[PDB]
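For ligands, and for the atoms within them, numbers begin at 1 and follow the listed sequence. Lettering of chains follows the sequences in order, A, B, ..., and the numbering in each one begins at 1.
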Amino acid sequence: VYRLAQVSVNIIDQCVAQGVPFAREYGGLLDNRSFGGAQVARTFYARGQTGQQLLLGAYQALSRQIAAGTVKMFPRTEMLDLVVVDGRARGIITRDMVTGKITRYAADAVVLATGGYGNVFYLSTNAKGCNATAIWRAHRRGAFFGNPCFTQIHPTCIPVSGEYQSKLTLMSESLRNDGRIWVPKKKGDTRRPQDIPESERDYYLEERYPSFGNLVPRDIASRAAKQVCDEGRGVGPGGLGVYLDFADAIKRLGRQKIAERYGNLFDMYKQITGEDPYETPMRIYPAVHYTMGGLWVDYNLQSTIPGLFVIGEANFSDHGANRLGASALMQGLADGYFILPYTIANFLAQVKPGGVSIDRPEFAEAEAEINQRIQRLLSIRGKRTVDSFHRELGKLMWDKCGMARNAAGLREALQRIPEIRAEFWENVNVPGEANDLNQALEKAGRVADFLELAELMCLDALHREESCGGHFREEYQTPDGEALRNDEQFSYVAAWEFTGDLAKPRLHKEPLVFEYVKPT
Amino acid sequence: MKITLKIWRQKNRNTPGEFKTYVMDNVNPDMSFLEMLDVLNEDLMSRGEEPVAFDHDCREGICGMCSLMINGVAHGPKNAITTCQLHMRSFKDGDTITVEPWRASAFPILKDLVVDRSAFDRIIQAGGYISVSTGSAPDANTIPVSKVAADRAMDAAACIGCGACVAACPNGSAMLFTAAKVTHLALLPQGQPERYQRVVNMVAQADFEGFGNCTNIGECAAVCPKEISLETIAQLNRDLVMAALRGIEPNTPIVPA
Amino acid sequence: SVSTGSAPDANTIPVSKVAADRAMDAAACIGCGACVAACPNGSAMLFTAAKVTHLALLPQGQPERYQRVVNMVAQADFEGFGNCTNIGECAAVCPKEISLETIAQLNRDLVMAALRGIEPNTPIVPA
Amino acid sequence: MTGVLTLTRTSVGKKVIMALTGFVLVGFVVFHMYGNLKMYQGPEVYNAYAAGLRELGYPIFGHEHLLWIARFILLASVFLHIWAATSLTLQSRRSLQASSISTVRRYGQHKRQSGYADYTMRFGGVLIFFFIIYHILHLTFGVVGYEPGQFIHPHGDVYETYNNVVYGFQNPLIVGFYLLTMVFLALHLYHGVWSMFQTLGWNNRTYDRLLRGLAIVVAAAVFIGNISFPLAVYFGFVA
Amino acid sequence: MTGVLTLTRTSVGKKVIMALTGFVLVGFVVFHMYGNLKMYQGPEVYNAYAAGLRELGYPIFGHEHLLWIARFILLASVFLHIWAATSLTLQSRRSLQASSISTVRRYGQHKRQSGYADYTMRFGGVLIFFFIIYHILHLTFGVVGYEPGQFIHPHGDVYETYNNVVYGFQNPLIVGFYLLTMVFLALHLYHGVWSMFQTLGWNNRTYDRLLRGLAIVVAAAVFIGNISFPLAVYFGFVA
Ligand code: HEM
Ligand code: HEM
Ligand code: HEM
Ligand code: HEM
Ligand SMILES: CCCCCCCCCCCCO[C@@H]1O[C@H](CO)[C@@H](O[C@H]2O[C@H](CO)[C@@H](O)[C@H](O)[C@H]2O)[C@H](O)[C@H]1O
Ligand code: SF4
Ligand code: SF4
Ligand code: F3S
Ligand code: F3S
Ligand code: FES
C-alpha cells in the first residue's frame, strides 16, 4: 500500500506527459477534485471519462511499442490455459476468437492482467466479456487465490428492464448525496411515484438508521435496498429497484445548480430508462462492481507459480477488504509502469533466457485439455442456454454470497453450486463450431470457469468468521450495521490452493502485521 | 412491441452475405437494442438456428465495440449515442429495422455483423501518440495547458474508436478518427515535438489502410457518438498544410502483423 | 488563476530578462487612479493596460491573457470609465512612468482576442 | 524533403491542391460571369470587353501576354484539379468496393444527414469537364454548334464575341446543355466554396455559417448570371 | 463566439474599428487631395481625371463599378467611424458627468500636458461630418451654393468638374467654411494618423517619433493642398 501511494505521483506525471487531457485550472495548471467521503482533493480527472483517457495514454504507448516491433499484439485472442514447465509459468494456450485456432505461446515470464471476476454474479457493472478464465486456469495450475470472497458493490446502478439484461450501468454515488431513497408502502402500487403522497412513502434508510443520516455507507444502504427488493416491495420492471428521488432537493436547491452537478447523469439515465429524473424519481439497484480478491501475489507481484505475475484487478495485492475510490486505476497504472518492470527484471535476471519451446509435452497436454473442453462444450447440446446458467449462478451468488452473508446461506450456496455445475455440463446449449466466431462458445467457457470459481468464493466467505469492508457476515456486525472485525483470529490473507477437489481447497494464511497503521 | 428485423448474415470473410428476416413478437420499449439482439439470439439458439454475432463489451458508449448500422444510420436513428445506448423506445410497433455492419474496404466483415477495425489500431500506431517513455516524465505541473486547450483536446480525445465515421462517410474515410487524434495531441504542449510528423504519418496510414478521402460532407460528425466536430478535421488540415510547408515526408507505413 | 500548492519549481519556466524587466515596468503600478484623473475622458486605460502588459509579458500569464484583456476592458467600460483617445495625459502624470506602450500592448491583445472571438464574461458587480 | 510537393503524397494533400486550384477556378468563374454580364450592356460594350481582355495593360504588357498568363494559370489549375479529383474518386471507390452489397449499393439502407455532396461534386465535375471542352470548341473556336457563315473569328483587334454569343444559343439542345452544366456548377460552387476553406483549415465554429453563406452567395450569383445569358440569347432578349 | 464582430462589444474594440475606418478615410483623403491637385494642370486635365474616375478599368470593369465599390467602402467606413465616435463621446461624457465642477467644468484647474486631442478631434469630427454633407450637396450635386446657371451635371462621359469648382468657391462664406473644415481636418489627421497606429498596437518607443512625423507630413500635405484649392479659385489663380 505504501509503495502504491508512493508511486501514484509518478503515475500522474507519466499520464500528463503522455497527453492525458486532465482537467486544468484557468491558470493552466492541473485541477483536483474530491471523491465521496475523502477529506482531501487528491483526484485528477478528465471530465467524466478519466479511465478512458488513462487507457488511451497507455494504449498509445502500447501502439508506439507495437510500431517499434517490441510488442506483438494479439487482439480477439483468449488465453484458455497456463502452461507450467518445470514449475515455472512458461507459456499460455490461447484460442483465436475469429478463426477458432488454438495456439501455443512460450515465454520466460507470464503476466496476468486480466481484470476482475465480478461477473461471476450475472448482474454486475463490468463489461460483458469480463471473466475469471485466466486467473482460474492459473489457480488450477498452481496459483493461490487470495481472498476470493472480497467483492465490492456499487450503490447507484441503473436496474434492469428484464431477465435478458446482465449489465447495470454505474452512476456516480454522488447521486446519493442529494437524493432520498424510498419505496411505496403498498406492496403493489399502480400510481405514479410522483403522485404517491408523502405519508404513503416508505422512506427506509431514514425511518431506520437514524445515525448516518442521509450519509449511510454504500454497504448498509445497499443491503437495505436488496432486502426491500427481496421482500417484494421494490419498484421497477421486475421489482428490483428503489426510488432515489430528487424532488425535495430540486425544490430546496436551484434546479440550475442541480443540473450543473448531475446533468450528465440525468441525461444518461433518461437515455437508458426513458424517464426524466427532474420530475420522476430515479430508480437504482445495487450491483457487484469490483473484486479486490484474485491471485495472491508477493511484494514482487509474483504469484505462487514462479514466473507468473498478476497485476491490476486480477490479483489480491493491496486493496484489502475494500478498494478506495480512484485506487484501482492507480494500482493498475502503478503495477504496469513502476513496479512490474523492476520485479520481472529481478525474476528474469536469475534465470536463463529461452530453453522452453511450444513443442514441450506440457504445451501438448494443455492444448489437448483445452481442445477436449471445447469439444465437450460444443457436444452437450442441452435444452438450456449459457446465459440461463450464468443467470442462475449469478442470482444464487448475489442472494447468498453478496452484500449480506451468513453461515446457513453460504452452506446452501455451497450445496447448490456443484448442482448447477453438473446441470451446466449435462444440459447446456452451445451452438456453432469450434473454428468460427462462436460467441456462445466463449460465454460457455467463461461460465464454466465461473461455476468453479463461485464455489471457492463461497467457501472463502464461509471461512472468514468476521466482517471486513465489502465482506459482510450478518453474525459479526456492530448494532449500527457496520462491519465487525476479528483481528485476533482473522488478521491475515487467505490464499487458497487448488487441490484437485473443488469443494476442498487448501487454506494458506499469510499473517498481517501493522506497524504504521494500527487497527482500530 | 412487434419488431421486424432485417439483419445481415454472413458466415465469414469469404462467404457472401444476405439479409435474414426475424420477427420479434414482444419487444420491451425499455429494452436496449443490443438486449433485443440478445433475446433474438436466445430464441435462435432455442430454435436451432445460428445466432447473430455482433461486437459489444461495455454497453455504456465508451469502449467503442458496438458497431451497427441501424436503419441506414450508424448507431441507430438517435444521435450522440452508440448502438448500446440505443433503446427500443426509439422505434414503434410494427417497425422494420435493417441491421448492418460497417461497410468499408478497410473494415472487413468477419461474421454476421462483426467488423475488423484494426486499421484504426494501425493508424494510431503510425504516430498517434506522444513518444515519452516511462520514468522520464517531468512533474505533472511543469508545463501549463490552458483550460480552453485542455477542454478542446479532451473534446477530441473523447473518441471511442467505433469506426462509425468510416461507416457513415460516403467515401469510407477515417478522417474524423484521425483528425480527432491529431487534434487531441496537437492541442497539448506535449504533442508539439512530433505533431507535424504525426499528422502526415497518420494521414498516410489512413491512405495505406484503404480508407477514402474527405469531401467535407459531415456524415461522420453527424453520427459520431461523442459529437466530435469538423473543427478537428480543419485542425488536421492546418497541420498537414503546415507540415507540407516544412517538407515533412511520411514514414514507412505500419504493415499488419 | 494559479492556486496555492500547485506551483512548479520557480526556475521551471525561463522568463527573459528583457521580458521580466518590461513586466516589472508595467507591474510597478500603485493603483492611484491619477491616470483616470489626468485622462480627459476619465479613462482607466493606463492602469488596465499596465496590468494586462504585466501579466502578458510573462509565460505564466499566457494561458488566460486574451480572455483577461477582454474581461478587463469590459469591466473598465462597466465601471463607468471613458475611452482612450490616445491623448497621453495618463502617462504624463503617472508616478511610476508607465508608458503608452502598455496601452499599445493592450490594444494588440484586444485585437488578437477579437480575432479569436473572445467573448467577455459577465461583469464584476459591486458587493 | 521535397518541400510543398509533399502534398501530392497524401489524399489530404491532394485535397489541399484541389482547394487551391478551386480558389483559382472559383475566382475565374466569378470574373467570367461578371465580364459576360456586358451582353445586356450591348454589342459595342461586349466586343470592347472582349478586345480589352487581349489588350490588357498594352502600354506596358504586350498583346495577349496577360491573357496567356491567365490561360496558362487556368489550364494548370484545372489540370491539377482534374488529376487530384480522379485520384481521390478512385481512392474513395476502392474504399467501398470490398465491403458493399453490390457495385452500386454500399448498404441495404444508408440514410444521409449531411448532404449528397460526393455525388453532386463528382458528377458535376465530369459534366463541367465535358462542358469546358465543348464550350471551348463552341465559342472560342466555333468549330461545333454553328451553322456555316454564323461564327466570326477575331480579325486583328476587331472582335465579334457578341455575334458569336447570339448565334451560339440558337439550338435548344445547346441551351439545355449549358443550363444543365450551370445547375451542376451551381451545386459545385455551393459545396466547394465552403469546402475549399474547410480543406485549408480556414474554418471554425463561428465562421462556418459565414462561409456557408458566402458559398450560397457565390453559387447563386454565378448560377443566375450564367443561366440568364443563354436563356436571354435564346428568347431574343439579347440579339 | 461572434468573431471579429466582438470588437463592437468593447470601447477599445470600437476604437479599433475607428482606427481601421480612419486608415481607409485617411487614404481616401490623401488620394482625393492628390487628384484635385490636377485643377492647376488646367480644365482639360481636371475633367479628364473626373471622367476617368468613372472609367476606371474600362476594358474589364464596367463604368462606375470601381467608383461605386469605392463609394460603398467610403460610406461604410464613415458610418462605422461616426457611430463609434458617437458611442465613445457619449461614454466619455458619462464618465465625466458625475464628478465635476459643473456640466462643463471638470476640475477647478486642469493644466494639460499632452495636448487637447479630445476637444479638437470631437469638434473637428462634427465639423467634418457637416462639411461632408454640405460638400456632397455642393460640388457633387450642385444643389446648394450655386447661382442658377453655373453648375453643369455630367450627362454622358463629358465632365465639367473644373467649371463646377471655379463657380463653387465664389462665395466668401463657402471659402471660409472650406478653410475652417480644412483646418480642423488638419488637426484631425495630425492626431489620427499617429492614433490609428497606436490603437491597433502598431507603436513602440522607437517608431513613435516616426509615426508622429508621418502624421505631421500627412496633415501638412492635406492641409496645404486642400486650402490651396479654394483660395486659388477665389483669388483667380484657378479660372
Ligand atoms: C469551373 C471550374 C471549377 C470550379 C470553379 C471548381 C470548384 C471547386 C471547388 C472550389 C472545390 C472544393 C475543393 C475542396 O473541397 O477543397 C471543388 C471540388 C471538386 N471538384 Fe471542382 N471545380 C471546377 C472544375 C472541376 C472539374 C473539371 C472537375 C472534374 C473532375 C471537378 C471535380 C471536383 C471534385 C471531384 C471535387 C471534390 C473532390 C473530392 O471528392 O474530394 N471540378 N471544385
Ligand atoms: C452561358 C454562360 C457563358 C457565356 C455566355 C460564356 C461566353 C464565353 C465566350 C463568348 C467565350 C469566348 C471568348 C474567349 O474565348 O476569349 C468564352 C470563353 C471561355 N469561357 Fe465562357 N461563357 C460562359 C460560361 C462559362 C463557364 C461556366 C466557364 C467555366 C470554366 C467558362 C469558361 C470559359 C473559358 C475558360 C474560356 C476561354 C477563355 C479564353 O480563351 O481566353 N465559360 N466564354
Ligand atoms: C475624412 C474623414 C475622416 C477621417 C480621415 C478621420 C480620421 C480619423 C482618424 C485616423 C482617427 C483616429 C482613430 C484612432 O484614434 O484610432 C479619428 C478619430 C476620430 N474621429 Fe475621425 N475622421 C474623419 C471623419 C470624422 C467624422 C465625420 C467624425 C464625427 C462625426 C469623426 C470623429 C472622430 C472622433 C470622435 C475620433 C476620436 C474618438 C476617440 O479617439 O476616442 N471623424 N479620425
Ligand atoms: C477644397 C478641397 C476639395 C475640393 C476642391 C474637392 C473637389 C471635389 C469635387 C469637384 C467633387 C465632385 C466630383 C465627384 O463627386 O466625383 C468632389 C467629390 C467628393 N469629395 Fe471632394 N473636394 C475637396 C475636399 C474634400 C474633402 C476634405 C473630402 C473629405 C471627405 C472630400 C470628399 C469628397 C467625396 C466623398 C466626394 C464624392 C466622390 C464621389 O461622389 O465619387 N472632398 N470633391
Ligand atoms: C485531364 C488530365 C488530368 C486528369 C487525368 C489524369 C488522372 C490521373 C489520376 C488517375 C489516378 C492515378 O492517380 C494516382 O493515384 C495514386 C493512388 O491513387 C496516387 O498515389 C499516391 O498517393 C496515394 C494516396 O493518396 C498512395 O497510394 C501513395 O501515397 C502514392 O502512391 C498518385 O499520386 C496519383 O497520381
Ligand atoms: S470520431 Fe466519432 S464516429 Fe469516428 S471512431 Fe471516433 S467516436 Fe467513433
Ligand atoms: S497613474 Fe500610473 S500608477 Fe497611478 S493608477 Fe494610473 S497607471 Fe497606475
Ligand atoms: S462524412 Fe466523409 S467526406 Fe469527410 S467530413 Fe466526414 S469523413
Ligand atoms: S490621457 Fe486618456 S485618452 Fe488614453 S492615452 Fe491616457 S487614458
Ligand atoms: S459496447 Fe462499448 S461502446 Fe457500445
Asker: For ligand 3, which atoms sit closer than 4.0 Å to a heavy atom of E:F129?
Answerer: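 The list of qualifying atoms is 27 (C), 30 (C).
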Asker: Going by heavy atoms, is E:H138 under 4.0 Å from ligand 4?
Answerer: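 No, E:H138 has no heavy atoms under 4.0 Å from ligand 4.
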Asker: Would you tell me which option among E:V24, E:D118, E:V29 has the nearest heavy-atom contact to atom 1 (C) of ligand 3?
Answerer: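 Minimum heavy-atom distance to atom 1 (C) of ligand 3 goes to E:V29.
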Asker: Which heavy atom of E:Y190 sits nearest to which heavy atom of E:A215, and what is that distance?
Answerer: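 Looking at all heavy atoms of both residues, the closest pair is O-CB, 3.3 Å.
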Asker: Please identify each residue that fulfils side chain to side chain donor-acceptor pair (under 3.5 Å) with E:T21, with sequence neighbours left out.
Answerer: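 Per chain and number, E:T21 pairs via side chain to side chain donor-acceptor pair (under 3.5 Å) with E:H81.
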Asker: Please determine whether any non-hydrogen atom of E:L185 lies less than 4.0 Å from an atom of ligand 4.
Answerer: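 Yes.
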Asker: Only heavy atoms count here, so choose which of E:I17, C:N41, C:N83 is nearest to atom 41 (O) of ligand 3.
Answerer: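 Minimum heavy-atom distance to atom 41 (O) of ligand 3 goes to C:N83.
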Asker: Report the part of E:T199 in contact with ligand 3, treating N, CA, C, O as backbone and CB onward as side chain, heavy atoms under 4.0 Å; options are side chain, backbone, both, neither.
Answerer: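 The side chain, only.
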Asker: With sequence neighbours excluded, tell me which residues meet salt bridge (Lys or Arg N to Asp or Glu O under 4.0 Å) with E:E64.
Answerer: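 Per chain and number, E:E64 pairs via salt bridge (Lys or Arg N to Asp or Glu O under 4.0 Å) with E:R54, E:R71.
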Asker: State whether the shortest distance between N or O atoms of E:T89 and N or O atoms of ligand 3 falls below 3.5 angstrom.
Answerer: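 The answer is no, given that E:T89 and ligand 3 share no N or O pair closer than 3.5 Å.
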Asker: Could you check B:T232, B:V166, B:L230 and say which one makes a side-chain contact (heavy atoms from CB on, under 4.5 Å) with B:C220?
Answerer: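 Option passing the side-chain contact (heavy atoms from CB on, under 4.5 Å) with B:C220: B:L230.
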Asker: Ion pair present between E:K14 and C:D77, side-chain N to carboxylate O less than 4.0 angstrom?
Answerer: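 Salt bridge flag = no for C:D77 with E:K14.
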Asker: Taking distance alone, with no angle check, do E:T161 and ligand 4 share an N/O pair under 3.5 Å?
Answerer: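 Between E:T161 and ligand 4 (N or O atoms, distance only) the closest approach is not under 3.5 Å.
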Asker: For ligand 4, is E:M33 a contact, meaning one of its heavy atoms is under 4.0 Å away?
Answerer: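 It does not; every heavy atom stays at 4.0 Å or beyond.
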Asker: Going by the order shown, which atoms of ligand 4 are within less than 4.0 Å of some heavy atom of E:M182?
Answerer: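 Atoms satisfying the 4.0 Å criterion: 27 (C).
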Asker: Within less than 2.8 Å, report the number of protein N/O/S atoms around atom 21 (Fe) of ligand 4.
Answerer: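 Under the 2.8 Å cut-off, the count stands at 2.
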Asker: Which residue and atom name correspond to the protein heavy atom nearest atom 26 (C) of ligand 4, and how close is it?
Answerer: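 For this ligand atom, the closest protein heavy atom is E:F131 CE2, 3.8 Å.
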Asker: Would you mind checking which non-hydrogen protein atom is closest to atom 36 (C) of ligand 4, with the distance to 0.1 Å?
Answerer: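 Checked against all protein heavy atoms, atom 36 (C) of ligand 4 sits closest to E:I136 CD1, 3.7 Å.
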Asker: Only heavy atoms of E:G192, strictly under 4.0 Å: list the atoms of ligand 3 that pass.
Answerer: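 Those qualifying, in numeric order: 9 (C), 10 (C), 11 (C), 12 (C).
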Asker: Relative to atom 15 (O) of ligand 3, which among E:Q198, E:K15, E:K14, E:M196 owns the nearest non-hydrogen atom?
Answerer: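 Selected option, by shortest heavy-atom distance: E:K15.
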Asker: Name the closest protein heavy atom to atom 13 (C) of ligand 4, giving the residue it belongs to and the distance to 0.1 Å.
Answerer: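 Result: E:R54 NH2, 4.5 Å.
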Asker: Using non-hydrogen atoms of the residue, decide whether E:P230 is closer than 4.0 angstrom to ligand 4.
Answerer: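 Checking ligand 4 against E:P230, which is what was asked, there is a heavy-atom contact under 4.0 Å.
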Asker: Could you verify whether a donor N or O on one side chain and an acceptor N or O on the other, from E:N171 and E:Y234, lie under 3.5 Å apart?
Answerer: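 The answer is no; no qualifying pair exists.
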Asker: Give the single entry among E:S195, E:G125, E:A19 that approaches atom 28 (C) of ligand 3 most closely by any heavy atom.
Answerer: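 Comparing heavy atoms across E:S195, E:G125, E:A19, the nearest one to atom 28 (C) of ligand 3 lies in E:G125.
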Asker: Considering only the protein, which heavy-atom contact is closest to atom 30 (C) of ligand 4, and what is its distance?
Answerer: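 The closest one turns out to be E:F28 CE2, 3.8 Å.
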Asker: Could you give me a count of protein N/O/S atoms that are under 2.8 Å from atom 4 (Fe) of ligand 6?
Answerer: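 Of the protein's nitrogen, oxygen and sulfur atoms, 1 lie under 2.8 Å from atom 4 (Fe) of ligand 6.
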